[PDB]
Undergrad: 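Would you mind keeping the following structure in view while I ask a few things?
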Amino acid sequence: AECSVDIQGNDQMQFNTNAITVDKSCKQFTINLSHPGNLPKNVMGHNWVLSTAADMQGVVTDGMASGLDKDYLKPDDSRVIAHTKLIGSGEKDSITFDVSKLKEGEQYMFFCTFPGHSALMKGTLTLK
Ligand SMILES: [Cu+2]
């Protein structure tokens with residue numbers, strides 16, 4: 001089965017998906033994030049950040065506090081399972097992580113940790 005997904009975040013604070021499925025036979029999974037908007041990183045930056053559903057609020061809250069130079073993530077935040085870098089208009093970033101980090105049946109959320117974005121830019125990730 002395929003083990004990648006392409007995702008976009010725009011100037012309207014939208015991701016173009018709110019549900020990601022990772023096939024259970026994948027050993028790695030790749031997220032290709034792009035920003036088709038016109039606004040720069042420092043006002044409309046987007047990352048793709050993955051945690052358990054329960055950890056999302058904490059990661060987002062400490063993330064906002066950490067500032068732009070830390071990609072809006074608290075340093076050494078063990079709650080973050082995987083994440084792209086933060087990007088603005090016309091940029092793209094890819095990450096590849098181990099599916100060994102994703103247990104069957106557990107509930108995961110992906111979201112942007114740029115200030116104010118997460119309520120609008122979030123979705124589920126599940127293994128199937
Ligand atoms: Cu964002």
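Numbers here simply count residues along the sequence, with the first being 1. For ligands, and for the atoms within them, numbers begin at 1 and follow the listed sequence.
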Undergrad: Under 4.5 Å between any side-chain heavy atoms of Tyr72 and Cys112, yes or no?
TA: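 No - every pair of side-chain heavy atoms lies 4.5 Å or more apart.
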Undergrad: Has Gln107 got more than 12 heavy atoms of other residues, nucleotides or ligands less than 6.0 Å from its CD?
TA: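 No, not enclosed.
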Undergrad: Just checking, any donor-acceptor pair under 3.5 angstrom between side chains of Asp6 and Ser34?
TA: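 Checked: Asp6/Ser34 side chains show no N/O donor-acceptor pair below 3.5 Å.
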Undergrad: Give me the one residue out of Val22, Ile31, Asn32 that meets side-chain contact (heavy atoms from CB on, under 4.5 Å) with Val5.
TA: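 Of all the options given, the one that passes is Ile31.
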Undergrad: By residue and atom, what protein N/O/S atoms are less than 2.8 Å from the Cu ion (ligand 1)?
TA: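 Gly45 O, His46 ND1, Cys112 SG, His117 ND1, with waters left out.
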Undergrad: Could you point out which residue of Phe111, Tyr108, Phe110 forms a side-chain contact (heavy atoms from CB on, under 4.5 Å) with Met56?
TA: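 It is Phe111; the other options fail the test.
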Undergrad: Do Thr21 and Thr126 have side-chain atoms, one donor and one acceptor, less than 3.5 Å apart?
TA: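 No donor-acceptor contact under 3.5 Å links the two side chains.
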